[PDB]
Each structure stands twice: as C-alpha cells, then as structure tokens.
Amino acid sequence: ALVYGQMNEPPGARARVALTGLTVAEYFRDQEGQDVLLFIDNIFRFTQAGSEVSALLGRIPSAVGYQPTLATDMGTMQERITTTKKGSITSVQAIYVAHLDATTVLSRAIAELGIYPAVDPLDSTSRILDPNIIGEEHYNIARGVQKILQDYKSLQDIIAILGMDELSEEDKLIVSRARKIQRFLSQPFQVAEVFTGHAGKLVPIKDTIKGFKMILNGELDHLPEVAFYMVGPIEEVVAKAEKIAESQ
Amino acid sequence: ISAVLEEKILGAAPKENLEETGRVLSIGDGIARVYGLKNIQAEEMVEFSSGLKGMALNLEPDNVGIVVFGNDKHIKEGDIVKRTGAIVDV
C-alpha cells in the first residue's frame with residue numbers, strides 16, 4: 001500500500017505521511033496478525049517536515065527538531081513500530097548515498113563484480129549478531145564467513161602486491177572458499193525474473209545456514225566456483241555442479 | 001436592590017473554588033495552562049478529571065503552567081484540575 005507526499009505539499013502534509021503509512025501497517029498488524037514491512041523514504045525528510053512544522057508554529061526554535069524520544073515528535077511513531085503478541089511492524093528506512101537495529105549497505109563495487117544483490121558483506125552490520133539471541137551456530141557461521149572474507153581481501157591485496165603464490169596452497173584454498181561464498185551470496189530475484197531471465201527463489205534460513213556450514217567445512221570444496229552463482233538453495237548448487245561436470 | 005442584582009449577576013456564572021480548582025485554558029504537548037489554583041505551590045502535584053497527574057512548574061500571575069504526567073489526549077480545555085496538596089513524591 002502506497003502513501004505519497006510531494007515536495008510541493010505544505011510542511012504539515014509531509015509531517016503526517018509516515019503516520020498514514022504507519023496506520024495502514026497497524027491495521028495489517030492488529031486486525032490480521034501479520035508481520036508487516038513499513039518502508040519510509042525517509043526518516044530525514046520526516047524530521048525535516050517536523051522541523052518545518054515547529055518553525056511555522058513558532059514555539060520550538062529551529063535548533064531542536066523532532067528528537068527520536070519526545071512522544072509528541074517521534075517517540076510515539078517509533079514505539080508504534082514494534083513487535084507485539086499479535087504481530088509486528090518492521091521499519092525499513094530508505095537512505096540514499098542513528099537508531100538502526102540492522103543495516104544493509106549496497107555498494108556499486110559489489111554490483112561491478114556481478115553479485116546481485118550488491119550487499120557489502122563486511123559493511124552490513126547488525127545489533128542482532130550475538131550468540132545469546134540468534135543462536136551460537138548462526139553467530140559462529142557468520143563470524144567465520146566475515147573472517148574468511150576479511151582474510152580474502154588481505155590475500156587479494158597480497159596477490160596484487162607480489163603475486164598469486166603465497167603461503168603454499170592454504171591461501172589458495174582460503175581464496176577458493178571465499179570466492180565460492182561470494183558467488184553463493186548472490187541470488188535471483190522473483191521481482192526481476194523478467195529483466196534478468198533468472199527465476200527467483202526463496203531460501204529459508206535453515207537452508208542458508210546448512211549451505212554456508214557445508215562451504216566452511218569444505219564438504220562442497222571440490223565443486224567449481226562458477227556453479228555457485230545465482231542459486232537459491234545448496235542442493236541447487238550441487239545440481240548446478242553436476243550439470244557443469246556432465247556438460248564439460 | 002443593588003446587592004440582590006449583583007448576587008444575580010454572580011449567580012448567572014457557575015460557582016468555582018479557584019483556590020483549589022482550576023480550568024484548563026489550553027492543553028497540549030503534555031503542558032497545560034490552567035486558570036485558577038490560587039493556593040498551588042511550586043512543584044506541587046495536581047490531578048486532572050481523567051485521572052492523570054501533573055506538576056505545577058510555572059506560577060504565572062494569570063495562569064499556572066503544569067507539566068502532564070501522561071498523554072494529553074485525555075485532557076480537554078475546560079476540564080477540572082485539583083490540587084493534591086503535596087509536592088511530587090514516589
């Protein structure tokens with residue numbers, strides 16, 4: 001459901017568009033018991049519209065505008081985006097290039113490497129990455145993948161400095177596993193199956209955990225790297241590698 | 001004859017004990033200005049008609065500025081505010 005506020009609208013109109021979208025999301029949460037996404041574009045323009053409203057009213061000076069606290073300004077909006085026993089509202093702020101629980105950073109360089117989505121694996125942080133919340137095995141796998149990617153970046157720097165032969169075949173095995181991880185991070189999209197021609201797939205979290213655990217353990221280390229590209233599950237990687245081996 | 005006339009003029013308006021009771025001149029953003037509360041003290045807790053609490057922070061000659069301990073949607077202009085008689089305590 002789309003709610004729009006133009007730039008030629010008055011400051012009062014743009015300061016309540018997010019409230020209208022939140023109200024539609026709240027109907028979908030309360031009266032249907034659903035987990036509802038709420039995309040806001042953006043919090044900065046919402047704060048700007050609130051600051052313009054406060055400047056027009058003349059009470060609060062322009063030095064203070066729309067704190068995350070202060071339920072009159074934004075505290076009610078932030079606290080109405082929460083998870084309850086009936087449903088949940090998950091806020092996603094579209095930022096174009098302060099209190100974010102998670103952050104997904106999109107980089108041009110990742111898209112230049114052919115990885116879709118172009119999410120940077122090292123610059124995308126999350127407060128939820130703790131052993132006490134998401135489980136110990138999920139944090140261990142995520143930390144191992146991040147460590148392997150950081151070591152791969154250092155190894156690529158070393159290769160660019162001196163050459164591709166360094167520390168026997170252990171660095172080559174690390175590079176091969178990291179490149180298989182980077183290929184496996186890519187995924188076809190359901191919404192972009194007519195612009196790219198690849199059928200998008202939905203991957204459950206257990207399938208991602210199992211697939212990355214098998215890559216970290218080296219259970220799929222004999223498979224080619226290009227067989228890990230644009231594949232949803234890990235059984236699709238095995239089928240892709242079998243089709244590559246049969247064709248080649 | 002004149003005193004009865006001024007008594008009728010006074011009785012045309014409702015009787016309010018403005019020393020311990022106040023009427024909300026304006027309620028908004030958790031801060032309500034009230035006409036009345038002539039015997040209020042500084043930092044003194046007050047009760048509204050809806051059951052909310054407030055603290056008398058500003059003692060102005062015309063009104064009393066009270067910070068409301070709760071949402072201001074339950075308070076209407078013209079509601080009854082009464083003193084608790086004591087400074088804010090927990």
# chains A, B, ... in the order shown; residues from 1 in each chain; ligands from 1
>>> interface_residues(of="chain B", to="chain A", cutoff="9 Å", atoms="only C-alpha atoms", output="number ranges by chain")
B: 29-30, 71
>>> write_last_selection(atoms="N, CA and C atoms", output="short mmCIF file (atom, residue, chain, number, x, y, z; two decimals), in the first residue's frame")
data_model
loop_
_atom_site.label_atom_id
_atom_site.label_comp_id
_atom_site.auth_asym_id
_atom_site.auth_seq_id
_atom_site.Cartn_x
_atom_site.Cartn_y
_atom_site.Cartn_z
N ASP B 29 0.72 19.03 24.17
CA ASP B 29 2.11 18.57 24.24
C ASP B 29 2.54 18.27 25.67
N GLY B 30 1.62 17.76 26.49
CA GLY B 30 1.94 17.43 27.86
C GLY B 30 2.07 18.62 28.79
N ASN B 71 -0.31 11.14 28.58
CA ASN B 71 -0.76 11.65 27.29
C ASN B 71 -1.78 12.76 27.49
#
>>> residues_around(residues="residue 150 (chain A)", least_positions_apart="5", cutoff="9 Å", atoms="only C-alpha atoms", output="PDB file with N, CA, C and O atoms, in the first residue's frame")
ATOM      1  N   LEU A 122      30.784  -6.993   4.505  1.00  0.00           N
ATOM      2  CA  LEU A 122      31.564  -6.532   5.644  1.00  0.00           C
ATOM      3  C   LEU A 122      31.028  -5.241   6.244  1.00  0.00           C
ATOM      4  O   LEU A 122      31.157  -5.032   7.456  1.00  0.00           O
ATOM      5  N   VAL A 145      32.388 -16.616   8.204  1.00  0.00           N
ATOM      6  CA  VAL A 145      32.266 -16.067   6.856  1.00  0.00           C
ATOM      7  C   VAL A 145      32.875 -14.669   6.785  1.00  0.00           C
ATOM      8  O   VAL A 145      33.597 -14.339   5.835  1.00  0.00           O
ATOM      9  N   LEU A 155      44.399 -11.236   1.342  1.00  0.00           N
ATOM     10  CA  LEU A 155      45.104 -12.087   0.388  1.00  0.00           C
ATOM     11  C   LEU A 155      45.078 -11.493  -1.013  1.00  0.00           C
ATOM     12  O   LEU A 155      46.056 -11.612  -1.754  1.00  0.00           O
TER      13      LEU A 155
END
>>> residues_around(residues="residue 35 (chain A)", least_positions_apart="4", cutoff="7 Å", atoms="only C-alpha atoms", output="VMD selection string")
chain A and resid 29 87 to 89
>>> select_by_dssp(residues="region 38-221 of chain A", states="helix (DSSP H, G or I)", output="PyMOL selection string")
chain A and resi 43-57+70-79+108-112+136-161+170-185+205-217
>>> atom_distance(atom1="CA of residue 246 (chain A)", atom2="CA of residue 182 (chain A)")
24.1 Å
>>> residues_around(residues="residue 223 (chain A)", least_positions_apart="6", cutoff="12 Å", atoms="only C-alpha atoms", output="JSON list (two decimals) with N, CA and C atoms, in the first residue's frame")
[["chain", "number", "residue", "atom", "x", "y", "z"],
["A", 176, "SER", "N", 39.70, -19.82, -2.66],
["A", 176, "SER", "CA", 38.67, -20.58, -3.37],
["A", 176, "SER", "C", 37.38, -20.69, -2.56],
["A", 177, "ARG", "N", 37.50, -20.93, -1.25],
["A", 177, "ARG", "CA", 36.30, -20.99, -0.41],
["A", 177, "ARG", "C", 35.63, -19.63, -0.29],
["A", 179, "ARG", "N", 35.72, -17.18, -2.56],
["A", 179, "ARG", "CA", 35.07, -16.89, -3.83],
["A", 179, "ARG", "C", 33.80, -17.71, -4.01],
["A", 180, "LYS", "N", 33.78, -18.94, -3.50],
["A", 180, "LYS", "CA", 32.54, -19.72, -3.52],
["A", 180, "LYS", "C", 31.49, -19.10, -2.60],
["A", 214, "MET", "N", 28.32, -26.05, 5.12],
["A", 214, "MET", "CA", 29.00, -27.01, 4.26],
["A", 214, "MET", "C", 30.13, -26.37, 3.48],
["A", 215, "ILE", "N", 29.99, -25.10, 3.10],
["A", 215, "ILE", "CA", 31.10, -24.42, 2.42],
["A", 215, "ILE", "C", 32.26, -24.17, 3.38],
["A", 229, "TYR", "N", 26.95, -19.71, -8.58],
["A", 229, "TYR", "CA", 26.48, -18.40, -8.99],
["A", 229, "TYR", "C", 25.00, -18.44, -9.33],
["A", 234, "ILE", "N", 21.26, -24.89, -1.52],
["A", 234, "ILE", "CA", 22.55, -25.53, -1.72],
["A", 234, "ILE", "C", 22.43, -26.82, -2.53],
["A", 237, "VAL", "N", 23.03, -25.80, -5.90],
["A", 237, "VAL", "CA", 24.46, -25.71, -6.20],
["A", 237, "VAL", "C", 25.01, -27.07, -6.60],
["A", 238, "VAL", "N", 24.59, -28.12, -5.89],
["A", 238, "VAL", "CA", 25.03, -29.48, -6.22],
["A", 238, "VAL", "C", 24.53, -29.88, -7.60],
["A", 239, "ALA", "N", 23.27, -29.56, -7.91],
["A", 239, "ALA", "CA", 22.73, -29.86, -9.23],
["A", 239, "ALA", "C", 23.42, -29.04, -10.32],
["A", 240, "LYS", "N", 23.75, -27.78, -10.03],
["A", 240, "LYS", "CA", 24.47, -26.94, -10.99],
["A", 240, "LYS", "C", 25.87, -27.48, -11.25],
["A", 241, "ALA", "N", 26.55, -27.95, -10.20],
["A", 241, "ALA", "CA", 27.88, -28.51, -10.36],
["A", 241, "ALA", "C", 27.84, -29.84, -11.12],
["A", 242, "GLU", "N", 26.81, -30.65, -10.87],
["A", 242, "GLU", "CA", 26.66, -31.90, -11.61],
["A", 242, "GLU", "C", 26.37, -31.63, -13.09],
["A", 243, "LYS", "N", 25.55, -30.62, -13.38],
["A", 243, "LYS", "CA", 25.27, -30.27, -14.77],
["A", 243, "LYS", "C", 26.51, -29.69, -15.46],
["A", 244, "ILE", "N", 27.32, -28.94, -14.72],
["A", 244, "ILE", "CA", 28.58, -28.43, -15.27],
["A", 244, "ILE", "C", 29.53, -29.58, -15.58],
["A", 245, "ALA", "N", 29.65, -30.54, -14.66],
["A", 245, "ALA", "CA", 30.55, -31.67, -14.86],
["A", 245, "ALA", "C", 30.09, -32.57, -16.00]]
>>> residues_around(residues="region 13-25 of chain B", least_positions_apart="4", cutoff="6 Å", atoms="only C-alpha atoms", output="PDB file with N, CA, C and O atoms, in the first residue's frame")
ATOM      1  N   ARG B  33      -1.914  24.913  30.626  1.00  0.00           N
ATOM      2  CA  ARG B  33      -2.052  26.147  31.384  1.00  0.00           C
ATOM      3  C   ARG B  33      -3.466  26.212  31.935  1.00  0.00           C
ATOM      4  O   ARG B  33      -4.427  26.004  31.195  1.00  0.00           O
ATOM      5  N   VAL B  34      -3.591  26.470  33.232  1.00  0.00           N
ATOM      6  CA  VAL B  34      -4.886  26.442  33.901  1.00  0.00           C
ATOM      7  C   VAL B  34      -5.161  27.794  34.546  1.00  0.00           C
ATOM      8  O   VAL B  34      -4.251  28.448  35.067  1.00  0.00           O
ATOM      9  N   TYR B  35      -6.418  28.223  34.469  1.00  0.00           N
ATOM     10  CA  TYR B  35      -6.909  29.385  35.192  1.00  0.00           C
ATOM     11  C   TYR B  35      -7.430  28.912  36.540  1.00  0.00           C
ATOM     12  O   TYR B  35      -8.317  28.057  36.600  1.00  0.00           O
ATOM     13  N   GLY B  36      -6.877  29.459  37.613  1.00  0.00           N
ATOM     14  CA  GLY B  36      -7.243  29.009  38.937  1.00  0.00           C
ATOM     15  C   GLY B  36      -6.044  28.493  39.694  1.00  0.00           C
ATOM     16  O   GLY B  36      -4.912  28.867  39.374  1.00  0.00           O
ATOM     17  N   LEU B  37      -6.290  27.629  40.681  1.00  0.00           N
ATOM     18  CA  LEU B  37      -5.270  27.084  41.578  1.00  0.00           C
ATOM     19  C   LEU B  37      -4.486  28.209  42.251  1.00  0.00           C
ATOM     20  O   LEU B  37      -3.279  28.359  42.078  1.00  0.00           O
ATOM     21  N   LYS B  38      -5.212  29.027  43.011  1.00  0.00           N
ATOM     22  CA  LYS B  38      -4.591  30.182  43.644  1.00  0.00           C
ATOM     23  C   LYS B  38      -3.703  29.795  44.817  1.00  0.00           C
ATOM     24  O   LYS B  38      -2.780  30.545  45.151  1.00  0.00           O
ATOM     25  N   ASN B  39      -3.953  28.649  45.445  1.00  0.00           N
ATOM     26  CA  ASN B  39      -3.168  28.197  46.584  1.00  0.00           C
ATOM     27  C   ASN B  39      -2.168  27.113  46.216  1.00  0.00           C
ATOM     28  O   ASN B  39      -1.625  26.458  47.109  1.00  0.00           O
ATOM     29  N   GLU B  77      -9.848  21.202  27.066  1.00  0.00           N
ATOM     30  CA  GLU B  77      -9.881  22.571  27.560  1.00  0.00           C
ATOM     31  C   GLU B  77     -11.174  22.815  28.327  1.00  0.00           C
ATOM     32  O   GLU B  77     -12.270  22.562  27.819  1.00  0.00           O
ATOM     33  N   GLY B  78     -11.042  23.299  29.556  1.00  0.00           N
ATOM     34  CA  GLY B  78     -12.171  23.456  30.442  1.00  0.00           C
ATOM     35  C   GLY B  78     -12.357  22.343  31.446  1.00  0.00           C
ATOM     36  O   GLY B  78     -13.366  22.342  32.159  1.00  0.00           O
ATOM     37  N   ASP B  79     -11.425  21.399  31.524  1.00  0.00           N
ATOM     38  CA  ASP B  79     -11.517  20.326  32.498  1.00  0.00           C
ATOM     39  C   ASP B  79     -11.130  20.826  33.885  1.00  0.00           C
ATOM     40  O   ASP B  79     -10.560  21.904  34.056  1.00  0.00           O
ATOM     41  N   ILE B  80     -11.443  20.013  34.885  1.00  0.00           N
ATOM     42  CA  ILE B  80     -11.242  20.364  36.283  1.00  0.00           C
ATOM     43  C   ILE B  80      -9.904  19.800  36.739  1.00  0.00           C
ATOM     44  O   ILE B  80      -9.637  18.602  36.583  1.00  0.00           O
ATOM     45  N   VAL B  81      -9.056  20.667  37.285  1.00  0.00           N
ATOM     46  CA  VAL B  81      -7.770  20.288  37.855  1.00  0.00           C
ATOM     47  C   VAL B  81      -7.802  20.635  39.334  1.00  0.00           C
ATOM     48  O   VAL B  81      -8.142  21.763  39.697  1.00  0.00           O
ATOM     49  N   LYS B  82      -7.448  19.679  40.185  1.00  0.00           N
ATOM     50  CA  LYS B  82      -7.485  19.892  41.624  1.00  0.00           C
ATOM     51  C   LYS B  82      -6.129  19.581  42.240  1.00  0.00           C
ATOM     52  O   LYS B  82      -5.413  18.685  41.786  1.00  0.00           O
ATOM     53  N   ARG B  83      -5.782  20.337  43.278  1.00  0.00           N
ATOM     54  CA  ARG B  83      -4.503  20.151  43.948  1.00  0.00           C
ATOM     55  C   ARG B  83      -4.508  18.879  44.780  1.00  0.00           C
ATOM     56  O   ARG B  83      -5.502  18.543  45.427  1.00  0.00           O
TER      57      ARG B  83
END
>>> residues_around(residues="residue 80 (chain A)", least_positions_apart="2", cutoff="9 Å", atoms="only C-alpha atoms", output="MDAnalysis selection string")
chainID A and resid 22 26 75:78 82:83 89
>>> write_last_selection(atoms="N, CA and C atoms", output="compact mmCIF listing (two decimals), in the first residue's frame")
# COMPACT_ATOMS: atom_id res chain seq x y z
N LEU A 22 1.99 4.29 8.67
CA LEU A 22 2.02 3.51 9.90
C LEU A 22 0.64 3.05 10.30
N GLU A 26 -0.45 -0.66 10.79
CA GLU A 26 -1.03 -1.07 12.07
C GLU A 26 -2.34 -1.80 11.89
N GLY A 75 8.56 9.81 19.36
CA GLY A 75 8.59 8.66 20.25
C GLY A 75 7.39 7.76 20.08
N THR A 76 6.22 8.35 19.83
CA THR A 76 5.03 7.55 19.57
C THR A 76 5.16 6.78 18.26
N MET A 77 5.69 7.42 17.22
CA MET A 77 5.87 6.74 15.94
C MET A 77 6.88 5.61 16.05
N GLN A 78 7.97 5.82 16.79
CA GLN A 78 8.98 4.78 16.93
C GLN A 78 8.48 3.63 17.80
N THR A 82 6.86 -1.80 16.53
CA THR A 82 7.42 -2.76 17.47
C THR A 82 6.78 -4.11 17.18
N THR A 83 7.25 -5.13 17.90
CA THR A 83 6.69 -6.47 17.83
C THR A 83 5.86 -6.73 19.07
N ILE A 89 5.59 -4.74 13.29
CA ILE A 89 5.89 -3.76 12.25
C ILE A 89 7.40 -3.64 12.17
>>> decode(residues="region 36-130 of chain A", atoms="C-alpha atoms", output="PDB file, in the first residue's frame")
ATOM      1  CA  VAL A  36       4.263  -6.078   8.128  1.00  0.00           C
ATOM      2  CA  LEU A  37       7.090  -4.174   6.471  1.00  0.00           C
ATOM      3  CA  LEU A  38       6.952  -0.381   6.582  1.00  0.00           C
ATOM      4  CA  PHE A  39       9.240   1.369   4.108  1.00  0.00           C
ATOM      5  CA  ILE A  40       9.839   5.034   4.919  1.00  0.00           C
ATOM      6  CA  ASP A  41      11.599   7.331   2.436  1.00  0.00           C
ATOM      7  CA  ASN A  42      12.843   8.729   4.643  1.00  0.00           C
ATOM      8  CA  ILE A  43      13.330   9.478   8.334  1.00  0.00           C
ATOM      9  CA  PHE A  44      15.467  12.510   7.412  1.00  0.00           C
ATOM     10  CA  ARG A  45      12.663  14.135   5.411  1.00  0.00           C
ATOM     11  CA  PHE A  46      10.189  13.252   8.170  1.00  0.00           C
ATOM     12  CA  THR A  47      12.446  15.061  10.650  1.00  0.00           C
ATOM     13  CA  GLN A  48      12.772  17.949   8.183  1.00  0.00           C
ATOM     14  CA  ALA A  49       8.988  18.252   7.864  1.00  0.00           C
ATOM     15  CA  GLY A  50       8.598  18.120  11.644  1.00  0.00           C
ATOM     16  CA  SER A  51      11.221  20.848  11.999  1.00  0.00           C
ATOM     17  CA  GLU A  52       9.396  22.983   9.426  1.00  0.00           C
ATOM     18  CA  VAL A  53       6.112  22.489  11.301  1.00  0.00           C
ATOM     19  CA  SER A  54       7.764  23.503  14.585  1.00  0.00           C
ATOM     20  CA  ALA A  55       9.268  26.548  12.859  1.00  0.00           C
ATOM     21  CA  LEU A  56       5.856  27.557  11.495  1.00  0.00           C
ATOM     22  CA  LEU A  57       4.217  27.171  14.913  1.00  0.00           C
ATOM     23  CA  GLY A  58       6.972  29.333  16.403  1.00  0.00           C
ATOM     24  CA  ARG A  59       7.182  27.648  19.811  1.00  0.00           C
ATOM     25  CA  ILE A  60      10.174  25.318  19.442  1.00  0.00           C
ATOM     26  CA  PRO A  61      13.171  27.012  17.762  1.00  0.00           C
ATOM     27  CA  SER A  62      14.816  25.539  14.681  1.00  0.00           C
ATOM     28  CA  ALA A  63      17.839  24.333  16.684  1.00  0.00           C
ATOM     29  CA  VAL A  64      15.744  21.426  18.028  1.00  0.00           C
ATOM     30  CA  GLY A  65      13.777  19.344  15.574  1.00  0.00           C
ATOM     31  CA  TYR A  66      11.977  16.017  16.054  1.00  0.00           C
ATOM     32  CA  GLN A  67      14.065  14.048  18.518  1.00  0.00           C
ATOM     33  CA  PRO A  68      13.751  10.227  18.441  1.00  0.00           C
ATOM     34  CA  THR A  69      12.391  10.495  22.004  1.00  0.00           C
ATOM     35  CA  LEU A  70       9.644  13.000  22.957  1.00  0.00           C
ATOM     36  CA  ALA A  71       6.469  11.064  22.055  1.00  0.00           C
ATOM     37  CA  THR A  72       4.884  14.222  20.646  1.00  0.00           C
ATOM     38  CA  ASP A  73       7.605  14.387  17.979  1.00  0.00           C
ATOM     39  CA  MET A  74       8.741  10.848  17.132  1.00  0.00           C
ATOM     40  CA  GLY A  75       8.594   8.661  20.246  1.00  0.00           C
ATOM     41  CA  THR A  76       5.029   7.553  19.570  1.00  0.00           C
ATOM     42  CA  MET A  77       5.866   6.741  15.942  1.00  0.00           C
ATOM     43  CA  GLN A  78       8.976   4.778  16.926  1.00  0.00           C
ATOM     44  CA  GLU A  79       7.214   2.895  19.725  1.00  0.00           C
ATOM     45  CA  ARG A  80       4.265   2.021  17.490  1.00  0.00           C
ATOM     46  CA  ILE A  81       6.788   0.251  15.245  1.00  0.00           C
ATOM     47  CA  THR A  82       7.416  -2.762  17.466  1.00  0.00           C
ATOM     48  CA  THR A  83       6.693  -6.468  17.827  1.00  0.00           C
ATOM     49  CA  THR A  84       3.723  -7.467  19.971  1.00  0.00           C
ATOM     50  CA  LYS A  85       1.894 -10.712  20.699  1.00  0.00           C
ATOM     51  CA  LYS A  86      -0.441 -10.104  17.733  1.00  0.00           C
ATOM     52  CA  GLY A  87       2.014  -9.059  15.034  1.00  0.00           C
ATOM     53  CA  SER A  88       4.989  -6.884  14.224  1.00  0.00           C
ATOM     54  CA  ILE A  89       5.885  -3.764  12.250  1.00  0.00           C
ATOM     55  CA  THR A  90       9.396  -3.828  10.787  1.00  0.00           C
ATOM     56  CA  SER A  91      10.615  -0.388   9.729  1.00  0.00           C
ATOM     57  CA  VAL A  92      12.957  -0.102   6.743  1.00  0.00           C
ATOM     58  CA  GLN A  93      14.308   3.394   6.089  1.00  0.00           C
ATOM     59  CA  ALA A  94      15.439   4.027   2.515  1.00  0.00           C
ATOM     60  CA  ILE A  95      18.681   6.031   2.688  1.00  0.00           C
ATOM     61  CA  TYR A  96      20.277   7.418  -0.474  1.00  0.00           C
ATOM     62  CA  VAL A  97      24.039   7.904  -0.677  1.00  0.00           C
ATOM     63  CA  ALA A  98      21.064   6.689  14.139  1.00  0.00           C
ATOM     64  CA  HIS A  99      18.980   4.028  15.885  1.00  0.00           C
ATOM     65  CA  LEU A 100      19.064   1.186  13.352  1.00  0.00           C
ATOM     66  CA  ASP A 101      18.789  -2.371  14.639  1.00  0.00           C
ATOM     67  CA  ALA A 102      20.129  -3.673  11.321  1.00  0.00           C
ATOM     68  CA  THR A 103      21.849  -2.109   8.330  1.00  0.00           C
ATOM     69  CA  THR A 104      22.217  -3.390   4.763  1.00  0.00           C
ATOM     70  CA  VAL A 105      24.747  -1.355   2.773  1.00  0.00           C
ATOM     71  CA  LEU A 106      24.588  -1.561  -1.019  1.00  0.00           C
ATOM     72  CA  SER A 107      27.797  -0.863  -2.926  1.00  0.00           C
ATOM     73  CA  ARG A 108      28.492  -0.184  -6.586  1.00  0.00           C
ATOM     74  CA  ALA A 109      31.632  -2.351  -6.462  1.00  0.00           C
ATOM     75  CA  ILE A 110      29.669  -5.474  -5.493  1.00  0.00           C
ATOM     76  CA  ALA A 111      27.391  -4.912  -8.488  1.00  0.00           C
ATOM     77  CA  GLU A 112      30.511  -4.438 -10.629  1.00  0.00           C
ATOM     78  CA  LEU A 113      31.561  -7.963  -9.596  1.00  0.00           C
ATOM     79  CA  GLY A 114      28.244  -9.351 -10.852  1.00  0.00           C
ATOM     80  CA  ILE A 115      26.788 -10.157  -7.417  1.00  0.00           C
ATOM     81  CA  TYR A 116      23.051  -9.460  -7.147  1.00  0.00           C
ATOM     82  CA  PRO A 117      22.018  -8.193  -4.595  1.00  0.00           C
ATOM     83  CA  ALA A 118      25.009  -5.864  -4.266  1.00  0.00           C
ATOM     84  CA  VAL A 119      25.081  -6.068  -0.463  1.00  0.00           C
ATOM     85  CA  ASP A 120      28.503  -5.437   1.040  1.00  0.00           C
ATOM     86  CA  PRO A 121      29.089  -8.385   3.418  1.00  0.00           C
ATOM     87  CA  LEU A 122      31.564  -6.532   5.644  1.00  0.00           C
ATOM     88  CA  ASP A 123      29.894  -3.115   5.926  1.00  0.00           C
ATOM     89  CA  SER A 124      26.442  -4.602   6.669  1.00  0.00           C
ATOM     90  CA  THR A 125      26.293  -4.785  10.461  1.00  0.00           C
ATOM     91  CA  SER A 126      23.547  -5.766  12.883  1.00  0.00           C
ATOM     92  CA  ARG A 127      22.948  -5.392  16.606  1.00  0.00           C
ATOM     93  CA  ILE A 128      21.295  -8.838  16.478  1.00  0.00           C
ATOM     94  CA  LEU A 129      24.647 -10.583  15.815  1.00  0.00           C
ATOM     95  CA  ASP A 130      25.037 -12.061  19.290  1.00  0.00           C
TER      96      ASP A 130
END
